[PDB]
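As structure tokens, the structure follows; a few thoughts come after it.
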Amino acid sequence: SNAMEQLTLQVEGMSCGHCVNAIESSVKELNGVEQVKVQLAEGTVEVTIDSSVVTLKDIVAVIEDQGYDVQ
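Counting along the sequence shown from 1, when you hit position 16 you're at 16 in the deposited numbering, and nothing is skipped either side.
In structure tokens form, the structure reads like this:
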């Protein structure tokens, strides 16, 4: 990570526990993502990303494609 920003995404669509693993990897699998904190009960995912590699849009695009609404 060259430049890691800690971003917290509010997530509409995680009603189940399997969603946790799904979305966390959906971000994590993306090269440039450092760590992901998927908070199922809170409806937020706090991700540390290297914005010198992965973009914010990349994160959102993949997450929503997996079936989540994130702001």
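Even for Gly, the Cβ is constructed at its ideal location relative to N, Cα and C.
State yes or no: is the C-beta of residue i within less than 8 Å of the C-beta of residue j?
| i | j | result |
| --- | --- | --- |
| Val47 | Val62 | no |
| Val11 | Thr44 | yes |
| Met4 | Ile59 | no |
Given that a residue counts as buried once 16 or more other Cβ atoms are within 10 Å of its Cβ, and exposed if not, what is residue i?
| i | result |
| --- | --- |
| residue 72 | Lying before the first or after the last residue shown, residue 72 is absent from the chain, which here runs from 1 to 71. |
| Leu9 | buried |
| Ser26 | buried |
Along the chain, where does the alpha helix (DSSP H) that runs through residue i open and close?
| i | result |
| --- | --- |
| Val27 | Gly17 to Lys28 |
Which stretch, first to last residue, makes up the beta strand (DSSP E) that contains residue i?
| i | result |
| --- | --- |
| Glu12 | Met4 to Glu12 |
| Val36 | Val33 to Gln39 |
| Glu42 | No beta strand (DSSP E) contains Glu42, which DSSP labels as neither H nor E. |
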